[PDB]
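Chemist: For reference, the structure I am asking about is given below.
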Amino acid sequence: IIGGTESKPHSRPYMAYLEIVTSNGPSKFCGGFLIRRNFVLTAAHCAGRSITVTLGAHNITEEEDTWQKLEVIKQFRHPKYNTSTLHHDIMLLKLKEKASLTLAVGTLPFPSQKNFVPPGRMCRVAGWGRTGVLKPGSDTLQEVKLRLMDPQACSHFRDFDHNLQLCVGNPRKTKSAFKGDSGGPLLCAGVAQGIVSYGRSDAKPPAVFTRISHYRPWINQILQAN
Ligand SMILES: Cc1c([C@@H](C2=C(O)[C@@H](Cc3ccccc3)OC2=O)c2ccccc2)[nH]c2ccc(F)cc12
Ligand SMILES: [Cl-]
Ligand SMILES: [Cl-]
Ligand SMILES: [Cl-]
Ligand SMILES: [Zn+2]
């Protein structure tokens with residue numbers, strides 16, 4: 001998160017810190033969010049050979065009793081996910097066991113309503129990602145308030161599509177999600193409307209988020225079948 005503030009510790013108890021293992025390079029990092037006691041929603045490009053989920057974190061370098069380090073049994077990448085266009089950058093992680101509910105760990109279930117969110121309002125995104133182009137990921141959970149933009153603001157992302165994705169972050173500000181934040185939720189009025197997907201390598205906003213409303217049927221399908 002660039003240009004944000006440190007979150008109040010444990011104030012976003014659904015936040016998940018993902019460490020992504022691959023057979024041929026070191027760990028990579030993403031965010032995600034707990035939507036059922038045994039399911040974390042994140043981005044498909046965060047898939048790997050294996051993934052560890054840490055719930056209950058604030059400062060990820062300091063182990064504490066609120067931590068729940070949970071095994072992932074299976075990754076459910078969207079079946080139409082495209083590694084070239086980044087369309088359908090959404091994935092569900094099934095946890096081996098159900099998380100414990102604590103003050104610091106809880107789910108963020110969707111409301112029944114799945115209305116299309118138009119441009120204009122302010123939303124918030126949180127993550128442990130990089131706080132600048134030349135900076136490491138934040139030790140502490142950070143968050144930032146970002147403007148939902150008209151889709152034309154993301155036209156330069158030639159594979160952006162308004163029906164599938166939200167365009168997030170006024171280009172007049174430095175505020176943005178960035179590397180390490182992928183998979184985290186964008187909340188608008190306390191409801192998860194987006195998932196951090198991708199943006200420019202130089203962190204200039206806007207960035208592209210998966211539009212959750214479009215994927216509600218698929219999410220429901222996976223959750224009912226597993
Ligand atoms: C440039 C960018 C990214 C890319 C990225 C990650 O997600 C992490 C972990 C990782 C690394 C390598 C491979 C997979 C994951 O390191 C990265 O370099 C990325 C990689 C791949 C696809 C799509 C985006 N995420 C963003 C989020 C918001 C934003 F404004 C810009 C970006
Ligand atoms: Cl802010
Ligand atoms: Cl570009
Ligand atoms: Cl919020
Ligand atoms: Zn704590």
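As shown in the structure tokens, the chain order sets the letters A, B, ...; within each chain, residues go from 1, and ligands are also counted from 1 in the order they appear.
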How close does each residue of chain A get to ligand 1, giving the shortest atom pair and distance in Å to one decimal for every residue with an atom at most 7 Å away, counting only C-alpha atoms and all ligand atoms, sorted by chain and residue number, as CSV?

Modeler:
```
residue,atom,partner,partner_atom_place_in_ligand_line,distance
A:28,CA,ligand 1,9 (C),5.1
A:29,CA,ligand 1,9 (C),5.1
A:30,CA,ligand 1,9 (C),6.0
A:45,CA,ligand 1,22 (C),5.3
A:46,CA,ligand 1,15 (C),5.1
A:176,CA,ligand 1,30 (F),6.4
A:177,CA,ligand 1,28 (C),4.9
A:178,CA,ligand 1,28 (C),3.6
A:179,CA,ligand 1,25 (N),4.0
A:180,CA,ligand 1,8 (C),4.7
A:181,CA,ligand 1,27 (C),5.5
A:182,CA,ligand 1,27 (C),4.7
A:196,CA,ligand 1,27 (C),6.0
A:197,CA,ligand 1,27 (C),5.4
A:198,CA,ligand 1,26 (C),4.0
A:199,CA,ligand 1,30 (F),3.5
A:200,CA,ligand 1,31 (C),5.3
A:201,CA,ligand 1,1 (C),4.7
A:203,CA,ligand 1,30 (F),5.5
A:205,CA,ligand 1,30 (F),6.9
A:207,CA,ligand 1,30 (F),4.7
```

Chemist: Residues as selected, N, CA and C atoms, written as a compact mmCIF listing (two decimals), in the first residue's frame, can you do that?

Modeler:
```
# COMPACT_ATOMS: atom_id res chain seq x y z
N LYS A 28 6.78 -15.73 -2.59
CA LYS A 28 6.11 -14.49 -3.01
C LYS A 28 4.95 -14.23 -2.06
N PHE A 29 4.42 -13.01 -2.10
CA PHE A 29 3.43 -12.58 -1.09
C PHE A 29 2.22 -11.94 -1.69
N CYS A 30 1.06 -12.24 -1.10
CA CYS A 30 -0.21 -11.67 -1.49
C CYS A 30 -1.04 -11.43 -0.25
N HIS A 45 -3.52 -15.00 -9.71
CA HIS A 45 -2.10 -14.91 -10.01
C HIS A 45 -1.24 -15.17 -8.78
N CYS A 46 -1.87 -15.28 -7.60
CA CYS A 46 -1.19 -15.66 -6.37
C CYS A 46 -1.10 -17.17 -6.16
N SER A 176 -2.22 4.14 -3.64
CA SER A 176 -2.52 2.98 -4.48
C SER A 176 -2.22 1.69 -3.74
N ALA A 177 -2.85 0.61 -4.20
CA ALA A 177 -2.37 -0.72 -3.88
C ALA A 177 -1.14 -0.99 -4.75
N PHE A 178 -0.28 -1.91 -4.32
CA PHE A 178 0.89 -2.24 -5.13
C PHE A 178 1.32 -3.69 -4.90
N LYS A 179 2.48 -4.07 -5.41
CA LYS A 179 3.00 -5.41 -5.30
C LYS A 179 2.97 -5.88 -3.86
N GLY A 180 2.44 -7.08 -3.65
CA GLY A 180 2.25 -7.64 -2.32
C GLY A 180 0.84 -7.44 -1.78
N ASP A 181 0.08 -6.55 -2.38
CA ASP A 181 -1.30 -6.31 -2.02
C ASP A 181 -2.29 -7.11 -2.82
N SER A 182 -1.86 -7.76 -3.91
CA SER A 182 -2.78 -8.51 -4.76
C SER A 182 -3.55 -9.51 -3.94
N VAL A 196 -7.74 -6.71 -5.21
CA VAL A 196 -6.59 -6.15 -5.86
C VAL A 196 -6.08 -7.13 -6.90
N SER A 197 -5.87 -6.68 -8.14
CA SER A 197 -5.32 -7.53 -9.19
C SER A 197 -3.96 -7.02 -9.64
N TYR A 198 -3.91 -5.98 -10.46
CA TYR A 198 -2.64 -5.53 -11.02
C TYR A 198 -2.65 -4.04 -11.30
N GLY A 199 -1.51 -3.52 -11.68
CA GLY A 199 -1.36 -2.12 -12.03
C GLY A 199 -0.02 -1.96 -12.71
N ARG A 200 0.40 -0.71 -12.82
CA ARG A 200 1.67 -0.38 -13.45
C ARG A 200 2.83 -0.73 -12.56
N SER A 201 3.95 -1.07 -13.19
CA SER A 201 5.19 -1.35 -12.46
C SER A 201 5.72 -0.15 -11.70
N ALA A 203 3.77 2.02 -10.20
CA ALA A 203 2.80 2.26 -9.14
C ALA A 203 1.90 3.48 -9.39
N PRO A 205 -1.29 5.27 -10.11
CA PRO A 205 -2.69 4.84 -10.17
C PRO A 205 -3.37 5.38 -11.43
N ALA A 207 -5.18 1.45 -10.45
CA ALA A 207 -4.91 0.03 -10.59
C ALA A 207 -6.22 -0.70 -10.89
```

Chemist: Can you tell me which residues come within 12 Å of ligand 5 when counting only C-alpha atoms and all ligand atoms, ideally as a list in words?

Modeler: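 Selection of residues at most 12 Å from ligand 5: residues 7, 8, 9, 10, 11, 12, 13, 55, 56, 57, 58, 59, 60, 61, 62, 63, 64, 65, 66, 67, 68, 102, 103, 104, 105, 140 and 141 of chain A.
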
Chemist: Select, from A:192, A:95, A:212, A:47, the residue with the minimum atom-to-atom distance to ligand 4, counting only C-alpha atoms and all ligand atoms.

Modeler: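 For ligand 4, the nearest of the given residues is A:192.
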
Chemist: Determine, for each residue of segment 99-142 of chain A having at least one atom at most 12 Å from an atom of segment 171-174 of chain A, the closest pair of atoms and their separation in Å to one decimal, counting only C-alpha atoms; order by chain and ascending number, as JSON lines.

Modeler:
```
{"residue": "A:131", "atom": "CA", "partner": "A:174", "partner_atom": "CA", "distance": 10.5}
{"residue": "A:132", "atom": "CA", "partner": "A:174", "partner_atom": "CA", "distance": 9.4}
{"residue": "A:133", "atom": "CA", "partner": "A:174", "partner_atom": "CA", "distance": 11.0}
```

Chemist: Give one line per residue of chain A that approaches ligand 2 to at most 7 Å, naming the two atoms of the closest pair and their distance in Å to one decimal, counting only C-alpha atoms and all ligand atoms; sort by chain then ascending residue number and deliver it as a Markdown table.

Modeler:
```
| residue | atom | partner | partner_atom_place_in_ligand_line | distance |
| --- | --- | --- | --- | --- |
| A:3 | CA | ligand 2 | 1 (Cl) | 6.9 |
| A:4 | CA | ligand 2 | 1 (Cl) | 4.9 |
| A:5 | CA | ligand 2 | 1 (Cl) | 6.3 |
| A:143 | CA | ligand 2 | 1 (Cl) | 6.7 |
| A:144 | CA | ligand 2 | 1 (Cl) | 3.8 |
| A:145 | CA | ligand 2 | 1 (Cl) | 4.1 |
```

Chemist: Within 9 Å of ligand 4, counting only C-alpha atoms and all ligand atoms, which protein or nucleic acid residues do you find, written as a ChimeraX atom specification?

Modeler: /A:12,123-126,143,145,186-192

Chemist: Quick one: DSSP strand (DSSP E or B) residues in segment 59-222 of chain A, as a PDB file with N, CA, C and O atoms, in the first residue's frame?

Modeler:
```
ATOM      1  N   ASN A  59       1.552  -6.831  12.750  1.00  0.00           N
ATOM      2  CA  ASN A  59       2.948  -6.806  12.405  1.00  0.00           C
ATOM      3  C   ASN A  59       3.343  -8.245  12.115  1.00  0.00           C
ATOM      4  O   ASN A  59       3.446  -9.067  13.027  1.00  0.00           O
ATOM      5  N   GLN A  68      -3.105 -17.216  13.517  1.00  0.00           N
ATOM      6  CA  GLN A  68      -3.475 -18.580  13.131  1.00  0.00           C
ATOM      7  C   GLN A  68      -2.813 -18.850  11.783  1.00  0.00           C
ATOM      8  O   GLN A  68      -3.141 -18.238  10.787  1.00  0.00           O
ATOM      9  N   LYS A  69      -1.813 -19.719  11.791  1.00  0.00           N
ATOM     10  CA  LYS A  69      -1.097 -20.080  10.591  1.00  0.00           C
ATOM     11  C   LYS A  69      -1.762 -21.336  10.094  1.00  0.00           C
ATOM     12  O   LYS A  69      -1.632 -22.406  10.697  1.00  0.00           O
ATOM     13  N   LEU A  70      -2.487 -21.218   9.005  1.00  0.00           N
ATOM     14  CA  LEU A  70      -3.382 -22.237   8.526  1.00  0.00           C
ATOM     15  C   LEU A  70      -2.934 -22.803   7.197  1.00  0.00           C
ATOM     16  O   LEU A  70      -2.589 -22.087   6.246  1.00  0.00           O
ATOM     17  N   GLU A  71      -2.995 -24.112   7.131  1.00  0.00           N
ATOM     18  CA  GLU A  71      -2.715 -24.848   5.923  1.00  0.00           C
ATOM     19  C   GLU A  71      -3.809 -24.724   4.906  1.00  0.00           C
ATOM     20  O   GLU A  71      -4.991 -24.751   5.234  1.00  0.00           O
ATOM     21  N   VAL A  72      -3.415 -24.613   3.643  1.00  0.00           N
ATOM     22  CA  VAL A  72      -4.329 -24.631   2.524  1.00  0.00           C
ATOM     23  C   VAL A  72      -4.351 -26.059   1.962  1.00  0.00           C
ATOM     24  O   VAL A  72      -3.309 -26.612   1.636  1.00  0.00           O
ATOM     25  N   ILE A  73      -5.534 -26.650   1.874  1.00  0.00           N
ATOM     26  CA  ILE A  73      -5.672 -27.986   1.290  1.00  0.00           C
ATOM     27  C   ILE A  73      -5.740 -27.963  -0.233  1.00  0.00           C
ATOM     28  O   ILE A  73      -5.190 -28.846  -0.901  1.00  0.00           O
ATOM     29  N   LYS A  74      -6.439 -26.977  -0.795  1.00  0.00           N
ATOM     30  CA  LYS A  74      -6.673 -26.921  -2.229  1.00  0.00           C
ATOM     31  C   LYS A  74      -6.870 -25.482  -2.679  1.00  0.00           C
ATOM     32  O   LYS A  74      -7.494 -24.662  -1.990  1.00  0.00           O
ATOM     33  N   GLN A  75      -6.362 -25.199  -3.879  1.00  0.00           N
ATOM     34  CA  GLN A  75      -6.511 -23.922  -4.560  1.00  0.00           C
ATOM     35  C   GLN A  75      -7.515 -24.060  -5.679  1.00  0.00           C
ATOM     36  O   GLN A  75      -7.389 -24.971  -6.513  1.00  0.00           O
ATOM     37  N   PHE A  76      -8.506 -23.180  -5.715  1.00  0.00           N
ATOM     38  CA  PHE A  76      -9.533 -23.152  -6.766  1.00  0.00           C
ATOM     39  C   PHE A  76      -9.363 -21.881  -7.590  1.00  0.00           C
ATOM     40  O   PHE A  76      -9.937 -20.839  -7.269  1.00  0.00           O
ATOM     41  N   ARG A  77      -8.518 -21.932  -8.604  1.00  0.00           N
ATOM     42  CA  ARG A  77      -8.320 -20.802  -9.490  1.00  0.00           C
ATOM     43  C   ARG A  77      -9.528 -20.726 -10.430  1.00  0.00           C
ATOM     44  O   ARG A  77     -10.056 -21.743 -10.859  1.00  0.00           O
ATOM     45  N   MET A  91      -9.398 -16.392  -7.073  1.00  0.00           N
ATOM     46  CA  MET A  91      -9.104 -17.729  -6.577  1.00  0.00           C
ATOM     47  C   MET A  91      -9.648 -17.868  -5.180  1.00  0.00           C
ATOM     48  O   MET A  91      -9.587 -16.935  -4.385  1.00  0.00           O
ATOM     49  N   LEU A  92     -10.181 -19.053  -4.896  1.00  0.00           N
ATOM     50  CA  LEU A  92     -10.562 -19.469  -3.566  1.00  0.00           C
ATOM     51  C   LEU A  92      -9.575 -20.470  -3.013  1.00  0.00           C
ATOM     52  O   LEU A  92      -9.192 -21.415  -3.697  1.00  0.00           O
ATOM     53  N   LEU A  93      -9.170 -20.269  -1.764  1.00  0.00           N
ATOM     54  CA  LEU A  93      -8.314 -21.201  -1.055  1.00  0.00           C
ATOM     55  C   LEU A  93      -9.134 -21.892  -0.005  1.00  0.00           C
ATOM     56  O   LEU A  93      -9.705 -21.231   0.881  1.00  0.00           O
ATOM     57  N   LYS A  94      -9.204 -23.219  -0.075  1.00  0.00           N
ATOM     58  CA  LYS A  94      -9.844 -23.993   0.971  1.00  0.00           C
ATOM     59  C   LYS A  94      -8.803 -24.319   2.024  1.00  0.00           C
ATOM     60  O   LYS A  94      -7.735 -24.861   1.724  1.00  0.00           O
ATOM     61  N   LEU A  95      -9.115 -23.973   3.268  1.00  0.00           N
ATOM     62  CA  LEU A  95      -8.236 -24.262   4.393  1.00  0.00           C
ATOM     63  C   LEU A  95      -8.489 -25.672   4.888  1.00  0.00           C
ATOM     64  O   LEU A  95      -9.613 -26.174   4.840  1.00  0.00           O
ATOM     65  N   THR A 102     -12.070 -15.364  16.705  1.00  0.00           N
ATOM     66  CA  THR A 102     -11.542 -14.591  17.816  1.00  0.00           C
ATOM     67  C   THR A 102     -11.808 -13.115  17.553  1.00  0.00           C
ATOM     68  O   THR A 102     -12.308 -12.777  16.508  1.00  0.00           O
ATOM     69  N   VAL A 105      -9.793 -12.523  14.382  1.00  0.00           N
ATOM     70  CA  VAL A 105     -10.031 -13.367  13.214  1.00  0.00           C
ATOM     71  C   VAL A 105     -11.529 -13.616  13.087  1.00  0.00           C
ATOM     72  O   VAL A 105     -12.158 -14.188  13.978  1.00  0.00           O
ATOM     73  N   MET A 122     -15.690   6.546  -2.685  1.00  0.00           N
ATOM     74  CA  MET A 122     -14.423   6.217  -2.046  1.00  0.00           C
ATOM     75  C   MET A 122     -14.555   4.838  -1.388  1.00  0.00           C
ATOM     76  O   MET A 122     -15.588   4.478  -0.820  1.00  0.00           O
ATOM     77  N   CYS A 123     -13.492   4.053  -1.508  1.00  0.00           N
ATOM     78  CA  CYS A 123     -13.410   2.718  -0.919  1.00  0.00           C
ATOM     79  C   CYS A 123     -12.062   2.603  -0.228  1.00  0.00           C
ATOM     80  O   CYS A 123     -11.218   3.468  -0.340  1.00  0.00           O
ATOM     81  N   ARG A 124     -11.879   1.522   0.526  1.00  0.00           N
ATOM     82  CA  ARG A 124     -10.617   1.317   1.236  1.00  0.00           C
ATOM     83  C   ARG A 124     -10.049  -0.054   0.899  1.00  0.00           C
ATOM     84  O   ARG A 124     -10.784  -1.013   0.754  1.00  0.00           O
ATOM     85  N   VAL A 125      -8.733  -0.107   0.795  1.00  0.00           N
ATOM     86  CA  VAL A 125      -8.018  -1.360   0.559  1.00  0.00           C
ATOM     87  C   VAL A 125      -6.910  -1.456   1.590  1.00  0.00           C
ATOM     88  O   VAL A 125      -6.311  -0.451   1.967  1.00  0.00           O
ATOM     89  N   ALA A 126      -6.631  -2.692   2.024  1.00  0.00           N
ATOM     90  CA  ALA A 126      -5.597  -2.955   3.004  1.00  0.00           C
ATOM     91  C   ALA A 126      -4.636  -4.021   2.492  1.00  0.00           C
ATOM     92  O   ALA A 126      -5.012  -4.873   1.687  1.00  0.00           O
ATOM     93  N   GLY A 127      -3.416  -3.995   2.995  1.00  0.00           N
ATOM     94  CA  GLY A 127      -2.436  -4.996   2.656  1.00  0.00           C
ATOM     95  C   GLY A 127      -1.091  -4.763   3.291  1.00  0.00           C
ATOM     96  O   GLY A 127      -0.807  -3.693   3.880  1.00  0.00           O
ATOM     97  N   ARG A 130       4.270  -3.599  -0.757  1.00  0.00           N
ATOM     98  CA  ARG A 130       5.280  -2.546  -0.840  1.00  0.00           C
ATOM     99  C   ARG A 130       4.666  -1.173  -0.658  1.00  0.00           C
ATOM    100  O   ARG A 130       3.552  -0.914  -1.089  1.00  0.00           O
ATOM    101  N   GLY A 137       7.874  -4.738   1.298  1.00  0.00           N
ATOM    102  CA  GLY A 137       6.567  -4.856   1.890  1.00  0.00           C
ATOM    103  C   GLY A 137       6.568  -4.326   3.304  1.00  0.00           C
ATOM    104  O   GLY A 137       7.582  -4.338   4.011  1.00  0.00           O
ATOM    105  N   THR A 140       3.748  -3.977   8.914  1.00  0.00           N
ATOM    106  CA  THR A 140       2.428  -3.776   9.468  1.00  0.00           C
ATOM    107  C   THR A 140       1.352  -3.671   8.393  1.00  0.00           C
ATOM    108  O   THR A 140       1.584  -3.180   7.289  1.00  0.00           O
ATOM    109  N   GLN A 142      -1.307  -2.056   6.335  1.00  0.00           N
ATOM    110  CA  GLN A 142      -1.537  -0.675   5.906  1.00  0.00           C
ATOM    111  C   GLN A 142      -2.875  -0.623   5.190  1.00  0.00           C
ATOM    112  O   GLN A 142      -3.373  -1.633   4.670  1.00  0.00           O
ATOM    113  N   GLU A 143      -3.467   0.567   5.128  1.00  0.00           N
ATOM    114  CA  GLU A 143      -4.683   0.745   4.382  1.00  0.00           C
ATOM    115  C   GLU A 143      -4.721   2.141   3.775  1.00  0.00           C
ATOM    116  O   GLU A 143      -4.021   3.044   4.223  1.00  0.00           O
ATOM    117  N   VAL A 144      -5.534   2.285   2.725  1.00  0.00           N
ATOM    118  CA  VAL A 144      -5.640   3.548   2.008  1.00  0.00           C
ATOM    119  C   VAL A 144      -7.033   3.687   1.424  1.00  0.00           C
ATOM    120  O   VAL A 144      -7.681   2.711   1.042  1.00  0.00           O
ATOM    121  N   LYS A 145      -7.511   4.931   1.398  1.00  0.00           N
ATOM    122  CA  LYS A 145      -8.793   5.264   0.812  1.00  0.00           C
ATOM    123  C   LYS A 145      -8.554   5.683  -0.641  1.00  0.00           C
ATOM    124  O   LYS A 145      -7.706   6.540  -0.894  1.00  0.00           O
ATOM    125  N   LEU A 146      -9.264   5.046  -1.563  1.00  0.00           N
ATOM    126  CA  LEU A 146      -9.058   5.256  -2.990  1.00  0.00           C
ATOM    127  C   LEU A 146     -10.368   5.550  -3.671  1.00  0.00           C
ATOM    128  O   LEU A 146     -11.429   5.069  -3.274  1.00  0.00           O
ATOM    129  N   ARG A 147     -10.299   6.353  -4.730  1.00  0.00           N
ATOM    130  CA  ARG A 147     -11.478   6.675  -5.491  1.00  0.00           C
ATOM    131  C   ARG A 147     -11.788   5.620  -6.553  1.00  0.00           C
ATOM    132  O   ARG A 147     -10.905   5.236  -7.330  1.00  0.00           O
ATOM    133  N   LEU A 148     -13.040   5.197  -6.644  1.00  0.00           N
ATOM    134  CA  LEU A 148     -13.511   4.388  -7.778  1.00  0.00           C
ATOM    135  C   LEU A 148     -13.633   5.284  -8.982  1.00  0.00           C
ATOM    136  O   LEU A 148     -14.386   6.259  -8.981  1.00  0.00           O
ATOM    137  N   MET A 149     -12.907   4.944 -10.032  1.00  0.00           N
ATOM    138  CA  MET A 149     -12.827   5.760 -11.223  1.00  0.00           C
ATOM    139  C   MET A 149     -13.729   5.273 -12.345  1.00  0.00           C
ATOM    140  O   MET A 149     -14.073   4.105 -12.445  1.00  0.00           O
ATOM    141  N   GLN A 165     -14.053  -5.730 -14.024  1.00  0.00           N
ATOM    142  CA  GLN A 165     -13.041  -5.091 -13.202  1.00  0.00           C
ATOM    143  C   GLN A 165     -13.448  -3.705 -12.785  1.00  0.00           C
ATOM    144  O   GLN A 165     -14.196  -3.007 -13.487  1.00  0.00           O
ATOM    145  N   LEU A 166     -12.920  -3.286 -11.640  1.00  0.00           N
ATOM    146  CA  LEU A 166     -13.006  -1.922 -11.154  1.00  0.00           C
ATOM    147  C   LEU A 166     -11.703  -1.192 -11.439  1.00  0.00           C
ATOM    148  O   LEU A 166     -10.616  -1.808 -11.440  1.00  0.00           O
ATOM    149  N   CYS A 167     -11.800   0.115 -11.679  1.00  0.00           N
ATOM    150  CA  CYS A 167     -10.675   0.983 -11.924  1.00  0.00           C
ATOM    151  C   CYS A 167     -10.520   1.846 -10.694  1.00  0.00           C
ATOM    152  O   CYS A 167     -11.445   2.590 -10.365  1.00  0.00           O
ATOM    153  N   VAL A 168      -9.407   1.742  -9.988  1.00  0.00           N
ATOM    154  CA  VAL A 168      -9.335   2.241  -8.617  1.00  0.00           C
ATOM    155  C   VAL A 168      -8.099   3.077  -8.380  1.00  0.00           C
ATOM    156  O   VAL A 168      -6.971   2.627  -8.566  1.00  0.00           O
ATOM    157  N   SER A 176      -2.217   4.138  -3.636  1.00  0.00           N
ATOM    158  CA  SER A 176      -2.519   2.981  -4.481  1.00  0.00           C
ATOM    159  C   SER A 176      -2.224   1.688  -3.741  1.00  0.00           C
ATOM    160  O   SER A 176      -1.425   1.654  -2.820  1.00  0.00           O
ATOM    161  N   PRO A 185      -8.932  -7.282  -0.259  1.00  0.00           N
ATOM    162  CA  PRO A 185     -10.245  -6.748  -0.568  1.00  0.00           C
ATOM    163  C   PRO A 185     -10.249  -5.229  -0.685  1.00  0.00           C
ATOM    164  O   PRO A 185      -9.504  -4.537  -0.006  1.00  0.00           O
ATOM    165  N   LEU A 186     -11.117  -4.744  -1.561  1.00  0.00           N
ATOM    166  CA  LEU A 186     -11.519  -3.331  -1.610  1.00  0.00           C
ATOM    167  C   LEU A 186     -12.904  -3.255  -1.010  1.00  0.00           C
ATOM    168  O   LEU A 186     -13.820  -3.901  -1.502  1.00  0.00           O
ATOM    169  N   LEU A 187     -13.027  -2.523   0.091  1.00  0.00           N
ATOM    170  CA  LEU A 187     -14.322  -2.391   0.753  1.00  0.00           C
ATOM    171  C   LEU A 187     -14.881  -1.023   0.496  1.00  0.00           C
ATOM    172  O   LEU A 187     -14.202  -0.023   0.620  1.00  0.00           O
ATOM    173  N   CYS A 188     -16.144  -1.019   0.121  1.00  0.00           N
ATOM    174  CA  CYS A 188     -16.881   0.213  -0.100  1.00  0.00           C
ATOM    175  C   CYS A 188     -18.042   0.178   0.882  1.00  0.00           C
ATOM    176  O   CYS A 188     -18.868  -0.719   0.822  1.00  0.00           O
ATOM    177  N   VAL A 191     -18.418  -3.225   2.589  1.00  0.00           N
ATOM    178  CA  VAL A 191     -18.743  -4.399   1.785  1.00  0.00           C
ATOM    179  C   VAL A 191     -17.625  -4.623   0.765  1.00  0.00           C
ATOM    180  O   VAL A 191     -17.225  -3.678   0.082  1.00  0.00           O
ATOM    181  N   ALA A 192     -17.138  -5.858   0.647  1.00  0.00           N
ATOM    182  CA  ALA A 192     -16.072  -6.184  -0.307  1.00  0.00           C
ATOM    183  C   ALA A 192     -16.632  -6.143  -1.714  1.00  0.00           C
ATOM    184  O   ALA A 192     -17.526  -6.913  -2.076  1.00  0.00           O
ATOM    185  N   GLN A 193     -16.135  -5.194  -2.494  1.00  0.00           N
ATOM    186  CA  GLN A 193     -16.551  -5.024  -3.870  1.00  0.00           C
ATOM    187  C   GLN A 193     -15.487  -5.381  -4.896  1.00  0.00           C
ATOM    188  O   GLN A 193     -15.804  -5.632  -6.059  1.00  0.00           O
ATOM    189  N   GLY A 194     -14.223  -5.368  -4.486  1.00  0.00           N
ATOM    190  CA  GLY A 194     -13.123  -5.625  -5.392  1.00  0.00           C
ATOM    191  C   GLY A 194     -12.050  -6.467  -4.754  1.00  0.00           C
ATOM    192  O   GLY A 194     -12.010  -6.605  -3.526  1.00  0.00           O
ATOM    193  N   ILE A 195     -11.192  -7.021  -5.606  1.00  0.00           N
ATOM    194  CA  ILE A 195      -9.980  -7.724  -5.188  1.00  0.00           C
ATOM    195  C   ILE A 195      -8.795  -7.096  -5.913  1.00  0.00           C
ATOM    196  O   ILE A 195      -8.818  -6.954  -7.141  1.00  0.00           O
ATOM    197  N   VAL A 196      -7.745  -6.713  -5.206  1.00  0.00           N
ATOM    198  CA  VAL A 196      -6.585  -6.148  -5.863  1.00  0.00           C
ATOM    199  C   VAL A 196      -6.075  -7.132  -6.897  1.00  0.00           C
ATOM    200  O   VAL A 196      -5.868  -8.299  -6.591  1.00  0.00           O
ATOM    201  N   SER A 197      -5.868  -6.681  -8.137  1.00  0.00           N
ATOM    202  CA  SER A 197      -5.315  -7.530  -9.192  1.00  0.00           C
ATOM    203  C   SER A 197      -3.955  -7.021  -9.636  1.00  0.00           C
ATOM    204  O   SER A 197      -2.926  -7.572  -9.233  1.00  0.00           O
ATOM    205  N   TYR A 198      -3.906  -5.976 -10.459  1.00  0.00           N
ATOM    206  CA  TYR A 198      -2.642  -5.528 -11.020  1.00  0.00           C
ATOM    207  C   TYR A 198      -2.649  -4.038 -11.304  1.00  0.00           C
ATOM    208  O   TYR A 198      -3.671  -3.379 -11.170  1.00  0.00           O
ATOM    209  N   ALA A 207      -5.175   1.454 -10.452  1.00  0.00           N
ATOM    210  CA  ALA A 207      -4.910   0.028 -10.585  1.00  0.00           C
ATOM    211  C   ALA A 207      -6.215  -0.696 -10.888  1.00  0.00           C
ATOM    212  O   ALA A 207      -7.307  -0.143 -10.768  1.00  0.00           O
ATOM    213  N   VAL A 208      -6.077  -1.950 -11.301  1.00  0.00           N
ATOM    214  CA  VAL A 208      -7.173  -2.788 -11.745  1.00  0.00           C
ATOM    215  C   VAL A 208      -7.514  -3.781 -10.654  1.00  0.00           C
ATOM    216  O   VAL A 208      -6.623  -4.490 -10.154  1.00  0.00           O
ATOM    217  N   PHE A 209      -8.790  -3.839 -10.303  1.00  0.00           N
ATOM    218  CA  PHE A 209      -9.285  -4.760  -9.291  1.00  0.00           C
ATOM    219  C   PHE A 209     -10.327  -5.673  -9.919  1.00  0.00           C
ATOM    220  O   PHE A 209     -11.092  -5.256 -10.789  1.00  0.00           O
ATOM    221  N   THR A 210     -10.393  -6.918  -9.485  1.00  0.00           N
ATOM    222  CA  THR A 210     -11.465  -7.799  -9.921  1.00  0.00           C
ATOM    223  C   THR A 210     -12.777  -7.301  -9.343  1.00  0.00           C
ATOM    224  O   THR A 210     -12.847  -6.955  -8.163  1.00  0.00           O
ATOM    225  N   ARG A 211     -13.827  -7.261 -10.168  1.00  0.00           N
ATOM    226  CA  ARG A 211     -15.157  -6.815  -9.747  1.00  0.00           C
ATOM    227  C   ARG A 211     -15.893  -8.006  -9.153  1.00  0.00           C
ATOM    228  O   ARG A 211     -16.331  -8.898  -9.882  1.00  0.00           O
TER     229      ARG A 211
END
```

Chemist: What is the distance between atom CA of residue 152 of chain A and atom CA of residue 84 of chain A, in Å to one decimal?

Modeler: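 So the answer is 20.9 Å.
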
Chemist: Do you know which residues are at most 10 Å from residue 114 of chain A counting only C-alpha atoms, after dropping those on the same chain fewer than 6 positions away, and could you put them as a compact mmCIF listing (two decimals) with N, CA and C atoms, in the first residue's frame?

Modeler:
```txt
# COMPACT_ATOMS: atom_id res chain seq x y z
N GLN A 193 -16.13 -5.19 -2.49
CA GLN A 193 -16.55 -5.02 -3.87
C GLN A 193 -15.49 -5.38 -4.90
N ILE A 212 -16.02 -8.05 -7.83
CA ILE A 212 -16.54 -9.24 -7.17
C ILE A 212 -17.96 -9.61 -7.64
N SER A 213 -18.82 -8.61 -7.85
CA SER A 213 -20.22 -8.89 -8.21
C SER A 213 -20.33 -9.84 -9.39
N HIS A 214 -19.43 -9.69 -10.36
CA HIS A 214 -19.44 -10.53 -11.55
C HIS A 214 -19.20 -12.01 -11.25
N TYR A 215 -18.47 -12.29 -10.17
CA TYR A 215 -18.01 -13.62 -9.81
C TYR A 215 -18.81 -14.26 -8.70
N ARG A 216 -19.85 -13.58 -8.23
CA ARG A 216 -20.63 -14.13 -7.12
C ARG A 216 -21.21 -15.54 -7.43
N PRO A 217 -21.73 -15.75 -8.65
CA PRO A 217 -22.20 -17.12 -8.94
C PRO A 217 -21.10 -18.18 -8.85
```
